[PDB]
Amino acid sequence: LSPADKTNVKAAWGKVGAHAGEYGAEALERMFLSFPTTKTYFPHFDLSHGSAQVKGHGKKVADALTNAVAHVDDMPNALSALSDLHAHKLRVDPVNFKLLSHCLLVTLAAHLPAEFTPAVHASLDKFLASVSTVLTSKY
Amino acid sequence: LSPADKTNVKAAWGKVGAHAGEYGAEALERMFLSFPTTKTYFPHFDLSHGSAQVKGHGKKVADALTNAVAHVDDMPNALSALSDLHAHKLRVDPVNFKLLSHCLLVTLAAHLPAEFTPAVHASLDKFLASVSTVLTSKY
Amino acid sequence: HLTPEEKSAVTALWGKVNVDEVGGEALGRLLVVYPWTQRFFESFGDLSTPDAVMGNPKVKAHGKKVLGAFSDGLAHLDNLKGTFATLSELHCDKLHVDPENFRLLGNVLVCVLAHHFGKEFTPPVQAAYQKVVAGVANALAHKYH
Amino acid sequence: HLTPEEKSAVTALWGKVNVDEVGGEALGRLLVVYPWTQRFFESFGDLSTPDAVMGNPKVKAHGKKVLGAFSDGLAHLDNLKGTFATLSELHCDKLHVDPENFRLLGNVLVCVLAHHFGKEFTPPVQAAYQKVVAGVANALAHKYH
Ligand code: HEM
Ligand code: HEM
Ligand code: HEM
Ligand code: HEM
């Protein structure tokens, strides 16, 4: 993550603003539809369209991403509890993080045309990969 | 990584000793034989068995790995020039680093049976992945 | 394997795709986001900056070709393996392109479609297009199997 | 595809493989080195430490089964796709195992063979065994293609 990547990511996620929870819920819905194997991690969830459980989980994921943006230089320390969850208790396969990152990028592209330039796309991809490897670093 | 990973990697690579260049050359030979597509990065190289060019390149890679072990907590700064090389000039596909890491693990397993315990294997895998992602960081 | 409704949605969205810019945009974004792929395109001239990549007429001309190949695959969704036999030969035996790059380019194309179509690129449409791009990548990577 | 020299070398090395411990060692090392794979084996008991993993009778028995399946695939090198049809169905449509784990387990098995045979595991023999494990993983991941 170059400083240019950090500069690009902060502004792009700043223009996300109060739509973060909706974007996270939409990314979760996109991941569940495109990759149904990811649904096995949520057996207790109601995963239909418009689900309030999916809405709340999307808000949580979006808030975690906002915290990661605010703590980009200290992400491993800022995401220690989430890494503990996802690696020890959940032990999610790391390919699922790539799938969710792709769905987040698709949601951002479909909601922020002007912001989703190629350079911002590259920076967001690198930031999401860094978040994913932090969340899987406990393995 | 973890403190336990760092200790295991340090002990295992210390047990390599003066066979580092031979092990690097053998890992390069194994990579060229098992994955011939990696040979396209060395078109000016004599890549036959027993090649002195392969011997020298293996010595260089082994010395780089020794430096990375000596600087395990400052690997991104210690490997800045190598990452610059591999990412800007060479543009190596990242999959190739996984292939070379696997061949290094195979060489270590075939030469150090007592040292290659499952925990040491996991630590070496993590260390080689960290080295690979440092060397592909500039992308 | 796409259901008839997925096929109808995919062919309805593809009919409104600008065939002169979408492929070039996808190829340029692939080069920018995964710049090790630039190793396969040194004969395309300047690729130092994202602006130079997206302004490259060779990248635009090649992207047009790749989008045409994707359209050909879309017209033959049940014979993707036979549709991409010669392209698979070219990409594996001649160019030595790793098959993970095919998946990367397919996801970049999905992102480009989302960027261009906005809210009408619904999650079901995206799921159908993910099926399509996965099939195309699998057909192109067959010579490695 | 393996040349006759590669087939002879692979068969000669596999004839000396101890079928009671090699599969268990490979499965245990897969669990230790890629601990997310422990999610598929939560009914095997204690997997909290590497020693507990390598000392698990359930892991040993399942590794015996997996090594038997590998031997079955090795006895039919030209019909790997039909040899692994039911196992592919089980692993894909019933267990939902991501196909990258197949390649991971194959590489772990290659490492275990190198560990056991030392200098006997020459680079040509390793190249032949990499071909074999790649074929096995491809055959097992057919249901996803
Ligand atoms: C950027 C990627 C991700 C972020 C930021 C993220 C964030 C979070 C957060 C904030 C929570 C709630 C923690 C709490 O309430 O204490 C959570 C839980 C969870 N996550 Fe993720 N996550 C990510 C990726 C994934 C992926 C890819 C999967 C599976 C495919 C996954 C599966 C789960 C599950 C199953 C839970 C538990 C939910 C529940 O039990 O109610 N996560 N994650
Ligand atoms: C384990 C990770 C690796 C390490 C530690 C490593 C280390 C090195 C070193 C020390 C050099 C010599 C630089 C110098 O002369 O100062 C080098 C050069 C090079 N490496 Fe790597 N390397 C790694 C992985 C790879 C991979 C995976 C490839 C591609 C298959 C690759 C391709 C090259 C090439 C093409 C050169 C230039 C050779 C020449 O012109 O002399 N490296 N690497
Ligand atoms: C994933 C779907 C892809 C499709 C449908 C596709 C399609 C094509 C087509 C139609 C051509 C021109 C063939 C001709 O003119 O005879 C071509 C050539 C080429 N492709 Fe792709 N491509 C794909 C992926 C990739 C990727 C990911 C890379 C590199 C990372 C790549 C690298 C190249 C190169 C360098 C050429 C030039 C070959 C030459 O000039 O002889 N392709 N591809
Ligand atoms: C890569 C080559 C592999 C081979 C040849 C193989 C072989 C087998 C065999 C022979 C069985 C027993 C089937 C039966 O008794 O009917 C089995 C079951 C199973 N496999 Fe694998 N396996 C492979 C990879 C994997 C991987 C990588 C995982 C997980 C990460 C996995 C997870 C399982 C599980 C959980 C079962 C038990 C499920 C059941 O018996 O219903 N396998 N496999």
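Residues displayed in chain C correspond, in order, to Swiss-Prot positions 3-147.
When the header is checked for method, it gives electron microscopy, 2.5 Å.
Heads up, the Cβ atoms here are built off N, Cα and C, so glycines get one too.
Pulled from Swiss-Prot:
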- C:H64, C:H93: heme b binding site (BINDING)
- C:3-147: domain 'Globin' (DOMAIN)
- C:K9: glycation site (CARBOHYD)
- C:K18: glycation site (CARBOHYD)
- C:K67: glycation site (CARBOHYD)
- C:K121: glycation site (CARBOHYD)
- C:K145: glycation site (CARBOHYD)
- C:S10: phosphoserine (MOD_RES)
- C:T13: phosphothreonine (MOD_RES)
- C:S45: phosphoserine (MOD_RES)
- C:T51: phosphothreonine (MOD_RES)
- C:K60: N6-acetyllysine (MOD_RES)
- C:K83: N6-acetyllysine (MOD_RES)
- C:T88: phosphothreonine (MOD_RES)
- C:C94: S-nitrosocysteine (MOD_RES)
- C:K145: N6-acetyllysine (MOD_RES)
- C:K60: site 'Not glycated' (SITE)
- C:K83: site 'Not glycated' (SITE)
- C:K96: site 'Not glycated' (SITE)
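Overlay of Swiss-Prot feature records on the structure.
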residue	record	contacts (Cβ under 8 Å, 6+ apart)
C:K9	glycation site	C:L79, C:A130
C:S10	phosphoserine	none
C:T13	phosphothreonine	C:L76
C:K18	glycation site	C:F119
C:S45	phosphoserine	C:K60
C:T51	phosphothreonine	none
C:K83	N6-acetyllysine	C:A141, C:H144
C:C94	S-nitrosocysteine	C:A143, C:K145, C:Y146
C:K96	site 'Not glycated'	none
C:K121	glycation site	none
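With a CB cut-off of under 6 A applied against ligand 3, the recorded positions C:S10, C:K18, C:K67, C:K83, C:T88, C:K121 are reduced to C:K67. Neighbour counts of Cβ atoms within 10 Å were taken for the recorded positions C:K60, C:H93; the minimum is at C:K60. The two recorded residues, C:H93 (heme b binding site) and C:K67 (glycation site), have Cα atoms 14 Å apart. Listed recorded positions (C:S10, C:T13, C:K18, C:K83, C:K121) with a CB under 8 Å from any chain A CB: C:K121. Each of the recorded positions C:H64, C:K67, C:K145 was scored by the other Cβ atoms within 10 Å of its Cβ; the lowest score goes to C:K67.
The number of other CB atoms found within 10 A of the CB of C:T88 (phosphothreonine), across every protein chain shown, is 9. When DSSP labels each residue, the domain 'Globin' (C:3-147) comes out as 112 helix, 0 strand, 33 coil, counted as helix, strand and coil in that order.
The separation of C:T88 (phosphothreonine) from C:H64 (heme b binding site), Cα to Cα, is 17 Å.
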